[PDB]
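**Q**
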Amino acid sequence: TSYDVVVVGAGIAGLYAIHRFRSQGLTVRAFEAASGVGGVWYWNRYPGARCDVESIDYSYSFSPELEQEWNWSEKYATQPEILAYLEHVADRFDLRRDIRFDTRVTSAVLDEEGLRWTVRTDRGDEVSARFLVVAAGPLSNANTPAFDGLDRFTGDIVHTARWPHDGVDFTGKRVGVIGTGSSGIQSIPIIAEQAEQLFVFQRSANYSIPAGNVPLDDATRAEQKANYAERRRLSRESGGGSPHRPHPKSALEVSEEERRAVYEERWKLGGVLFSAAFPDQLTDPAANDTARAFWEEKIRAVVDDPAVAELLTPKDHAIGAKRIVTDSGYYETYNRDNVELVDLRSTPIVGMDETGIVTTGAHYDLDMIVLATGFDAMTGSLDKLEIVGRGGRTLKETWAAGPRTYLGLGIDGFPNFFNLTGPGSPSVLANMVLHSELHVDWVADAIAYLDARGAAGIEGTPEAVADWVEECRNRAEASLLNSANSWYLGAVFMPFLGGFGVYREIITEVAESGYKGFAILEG
Ligand SMILES: Cc1cc2nc3c(=O)[nH]c(=O)nc-3n(C[C@H](O)[C@H](O)[C@H](O)COP(=O)(O)OP(=O)(O)OC[C@H]3O[C@@H](n4cnc5c(N)ncnc54)[C@H](O)[C@@H]3O)c2cc1C
Ligand SMILES: NC(=O)c1ccc[n+]([C@@H]2O[C@H](COP(=O)([O-])OP(=O)(O)OC[C@H]3O[C@@H](n4cnc5c(N)ncnc54)[C@H](OP(=O)(O)O)[C@@H]3O)[C@@H](O)[C@H]2O)c1
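According to the deposited numbering, the residues represented by the sequence shown are 20 to 510, 518 to 549, in order.
1) Alpha carbon to alpha carbon, how far is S223 from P333?
2) On the DSSP bridge list, what partners appear for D384?
3) Do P229 and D323 have their C-beta atoms within less than 8 Å of each other?
4) Could you say which of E277, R39, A503, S147 lies nearest to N435 if we only look at CA atoms?
5) Which residues mark the beginning and the end of the alpha helix (DSSP H) in which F526 is found?
6) When the Cβ atoms of the stretch 162 to 178 are set against those of the stretch 377 to 391, are three or more pairs found closer than 8 Å?
7) Give the straight-line distance between the Cα atoms of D464 and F544, rounded to the nearest whole angstrom.
8) Any chance the stretch 44 to 55 sits against the stretch 107 to 124, with 3 or more Cβ pairs inside 8 Å?
9) Give the DSSP-derived three-state secondary structure of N63 in the structure shown.
10) Is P234 buried or exposed, if buried means 16 or more other CB atoms sit within 10 Å of its CB?
11) Which complete alpha helix (DSSP H) runs does the stretch 172 to 229 hold, if anything under 4 residues is left out?
12) Is the Cβ-Cβ distance between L158 and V59 less than 8 Å?
13) Taking the alpha-carbon positions, what's the residue 514 to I207 distance?
14) Taking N493 as part of the alpha helix (DSSP H), name the residues at either end of that continuous run.
15) So, is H382 buried or exposed, given that buried needs 16 or more other C-beta atoms within 10 angstroms?
16) What did DSSP end up calling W136 once you bin it into helix, strand or coil?
17) Just to check, is the beta-carbon of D402 closer than 7 Å to a non-hydrogen atom of ligand 2?
18) Within the same chain, show all residues whose beta-carbon is closer than 7 Å to that of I343, passing over the 5 residues directly before and after it, in chain order.
19) Using the rule of at least 16 other Cβ atoms within 10 Å of the residue's Cβ for burial, across every protein chain shown, is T309 buried or exposed?
20) Name, in chain order, the residues that DSSP records as bridge partners for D395.
21) Tell me which residues share the same chain as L469 and place their Cβ nearer than 8 Å to its Cβ, disregarding the 5 neighbours each side in the sequence.
22) Within a Cβ cutoff of 8 Å, which residues of the same chain sit near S505, ignoring the five residues on either side of it in sequence?
23) Does the pairing of the stretch 414 to 427 with the stretch 441 to 455 give three or more beta-carbon distances under 8 Å?
24) Give me the residue from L401, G473, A296, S539 with the minimum Cα distance to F313.
25) Fully enclosed by the stretch 98 to 134, which alpha helix (DSSP H) runs are 4 residues long or longer?
26) Distance, Cα to Cα, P422 vs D372?
27) If distances are taken between C-alpha atoms only, which option among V25, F40, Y22, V24 comes closest to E456?
28) Considering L288, what are the terminal residues of the beta strand (DSSP E) in which it resides?
29) Does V369 pass the burial test, meaning 16 or more other C-beta atoms within 10 Å, or should it be called exposed?
30) If you check the beta carbons only, do residue 515 and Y95 fall under 8 Å apart?
31) Check whether the Cβ of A68 sits closer than 7 Å to any heavy atom of ligand 1, and report yes or no.
32) Suppose you measure from the CA of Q205 to the CA of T137; what does that come to, to the nearest Å?
33) With three or more C-beta pairs closer than 8 Å as the rule, is the stretch 74 to 86 touching the stretch 104 to 117?
34) In whole angstroms, give me the CA-to-CA distance for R123 and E272.
35) Is there at least one non-hydrogen atom of ligand 1 closer than 7 Å to the beta-carbon of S446?
36) Please classify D71 as buried or exposed, where buried requires at least 16 other C-beta atoms within 10 Å of its C-beta.
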């Protein structure tokens, strides 16, 4: 019942943690609430679900063989593919033996005299760890919205967060979709291809970009695999964790012609990268207007009915303020005779009856309702953990006025505690396989450092967190990601906004310097 590291979660981050700590000779025990490895990719399995970073980038670089040996089937892999891949990773590196599945971590309590963490689960486990590494991910489910009389609907209610493992037939059914986030936009066209009729109930609209999904050319598949090393070097030094430089010059500084060209070129790349076409695109609100504009045009081009195309246009929001969804023929979907878009602003949902949905305006006879839900606060997962630091102070208490960290990897009161890709670090703002690799590596080096010098622990200092808090406030003030209605907010912008490569530089030079900002503890 005692281990060197206790890891929470078995997705991209957790699985790499197990591998990395073990190679260094640490003993690991990992807990996963799910039944299998894969994290978001295991549980989030609705039709059409895929990543929005190129799969060649969005994958592990730690194992040169895996890199060579694994063939991605398309540009943006779907969840069953990414799932197969991670299960392959777990296969290859014998990871499962140190995971306990179906087990939810409930509390973690610091012993201050010993600098150990007693960790407890909902399955009755009680284990002692030198280091607690939480790798619980940035995305947890948003709540299921209370709909009056949902309990009376006689047909089928399918949740995108809990999709049936053996599929759902929409053939011949009248289907209603509530929600138009990634879950919605990704599944809608698939539902639409086989449903009898599809009604899409829209509260607000969000920006999505055509995936432009091509399967990779054989002759390029080996040519990329030869240039992997140089592709990884670029992404690590980059800003988003991908091998992509933004435009040299500013948005408005370059001619109207030369802007429509770059905007078009980045439109091919898709979604995430499109918000990073011009340097000031997520800084200068006039420059962002030019993007909104380029986007609006493309949508009126593809949607037949202006009334509908107007409804599909996100109204009075900044583009890239919330991450752009990547889709496969989503807007096209609305040109079909069997799909209708319903304006929830015009006629809100007042509840459900036996036969379907009730808006103020009409009733909808439906056989099936798909709740296409969204995602809770960046912290999210961690809120459901009970983490008791020094003084018997709780992490929730400590973060009462917003998250406070040093580099994201330090919090005073919480020695030997490491939260993986969350507040204080680039987080969801960079490729997260690479971000997970960076953080695990950093923790691993820190443990090694301690182990060398004969020291008991590492702990963020009061002084260091406040500076980092200040710093995170300052990188953010400029950004159009710093809206009032932005997901990135606590109570406080949560991610570090300065760029991945820069962030990597910082935490690296911190290690090299003997962990300045942290206290080293003897215990
Ligand atoms: C549709 C979609 C597309 C995406 N595309 C991209 C992309 O292209 N690029 C990118 O960088 N990111 C993308 N993301 C973000 C994605 O959330 C992360 O890339 C990925 O989830 C990070 O892996 P992780 O291990 O850090 O966290 P997760 O995959 O979320 O895994 C965390 C695991 O920890 C477990 N856990 C949490 N709390 C507990 C507890 N108390 N006890 C036990 N287990 C627990 C959870 O069960 C989960 O299995 C996408 C997300 C979605 C939903
Ligand atoms: N690669 C990545 O790292 C990645 C990928 C995707 C997303 N993200 C991040 O995660 C966040 C969430 O993503 P998401 O778009 O899936 O979630 P979301 O924005 O909550 O999308 C869910 C949709 O359901 C709707 N909805 C919610 N409650 C409703 C109700 N009662 N009735 C009708 N409709 C309702 C929402 O509109 P209303 O809110 O107007 O009701 C929204 O259109 C984003 O902010 C983004 O920053 C990151």
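The beta carbon of each residue, even a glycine, is placed where N, CA and C say it ideally should be.
**A** A quick look at the data gives this:
1) Residue numbering aside, residue 223 sits at position 204 when the sequence shown is read from its first letter. Residue numbering aside, residue 333 sits at position 314 when the sequence shown is read from its first letter. Cα-Cα distance, rounded: 7 Å.
2) If you number the sequence shown from 1, residue 384 lands on position 365. Beta-bridge pairing links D384 to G375.
3) Taking the sequence shown and counting its residues from 1, the one referred to as residue 229 is at position 210. Taking the sequence shown and counting its residues from 1, the one referred to as residue 323 is at position 304. Not a contact, by the Cβ cut-off of 8 Å.
4) Here residue 435 refers to the residue found at position 416 when the sequence shown is read from its first residue. The candidate whose alpha carbon is nearest that of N435 is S147.
5) Within the sequence shown, numbered from 1, the residue matching residue 526 stands at position 500. 526 to 538 is the extent of the alpha helix (DSSP H) around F526.
6) yes
7) In the sequence shown, the residue the question calls residue 464 occupies position 445. In the sequence shown, the residue the question calls residue 544 occupies position 518. Going from the Cα of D464 to the Cα of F544 covers about 14 Å.
8) yes
9) Taking the sequence shown and counting its residues from 1, one reaches residue 63 at position 44. Coil, per DSSP.
10) Here the question's residue 234 lines up with position 215 in the sequence shown. Exposed, by the Cβ-count rule.
11) 201 to 213
12) Taking the first residue of the sequence shown as position 1, residue 158 is located at position 139. Taking the first residue of the sequence shown as position 1, residue 59 is located at position 40. Yes; because the gap between Cβ atoms is below 8 Å, this pair is in contact.
13) Because residue 514 lies between 510 and 518, and the chain jumps straight from the first to the second, it has no atoms in this structure.
14) Residue 493 sits at position 474 when you count from the first residue of the sequence shown. 481 to 495 is the span of the alpha helix (DSSP H), which, as asked, contains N493.
15) Numbered from its first residue, the sequence shown carries residue 382 at position 363. With fewer than 16 Cβ atoms within 10 Å of its Cβ, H382 is classed as exposed.
16) For the purposes of this step, residue 136 is taken as the residue at position 117 of the sequence shown. Looking at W136 - three-state DSSP - the assignment turns out to be strand.
17) For the purposes of this step, residue 402 is identified with residue 383 of the sequence shown, where counting begins at 1. The answer is no for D402.
18) Position 324 of the sequence shown, counted from the start, is the residue given in the question as residue 343. Result list for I343: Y226, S227, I228, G290, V291, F293, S294, in chain order.
19) Looking up residue 309 in the sequence shown gives position 290. Classification of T309: buried, given that the 10 Å Cβ count is 16 or more.
20) Residue 395 sits at position 376 when you count from the first residue of the sequence shown. BP columns for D395 point to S159.
21) Taking the sequence shown and counting its residues from 1, the one referred to as residue 469 is at position 450. So the qualifying residues of the chain are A475, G476, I477, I546.
22) Within the sequence shown, residue 505 is the residue found at index 486, counting from 1. So the list reads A340, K341, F519, once near-sequence residues are dropped.
23) yes
24) Working through the sequence shown from its first residue, we reach residue 313 at position 294. Among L401, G473, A296, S539, the Cα nearest to that of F313 is on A296.
25) 98 to 111
26) As a working note, residue 422 is residue 403 in the sequence shown. As a working note, residue 372 is residue 353 in the sequence shown. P422 and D372: Cα-Cα distance of roughly 43 Å.
27) In the sequence shown, residue 456 corresponds to position 437, counting from 1. Checked all of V25, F40, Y22, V24; the closest Cα to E456 is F40.
28) As a working mapping, residue 288 is identified with position 269 in the sequence shown. Not the beta strand (DSSP E): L288 falls in the alpha helix (DSSP H), residues 275 to 288.
29) Your numbering for residue 369 matches position 350 in the sequence shown. So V369 counts as exposed.
30) Since the model of the chain passes from 510 to 518 in one step, residue 515 is not part of what is shown.
31) The sequence position of residue 68 within the sequence shown is 49, counting from 1. Flag set: Cβ of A68 near ligand 1.
32) Locating residue 205 in the sequence shown gives position 186, where the first residue counts as 1. Locating residue 137 in the sequence shown gives position 118, where the first residue counts as 1. Those two C-alpha atoms are separated by around 41 Å.
33) yes
34) Here the question's residue 123 lines up with position 104 in the sequence shown. Here the question's residue 272 lines up with position 253 in the sequence shown. Answer to the nearest angstrom: the Cα atoms are 53 Å apart.
35) As a first step, residue 446 is located in the sequence shown; it is residue number 427 there, counting from the start. The answer is no for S446.
36) Residue 71 sits at position 52 when you count from the first residue of the sequence shown. Classification of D71: buried, given that the 10 Å Cβ count is 16 or more.
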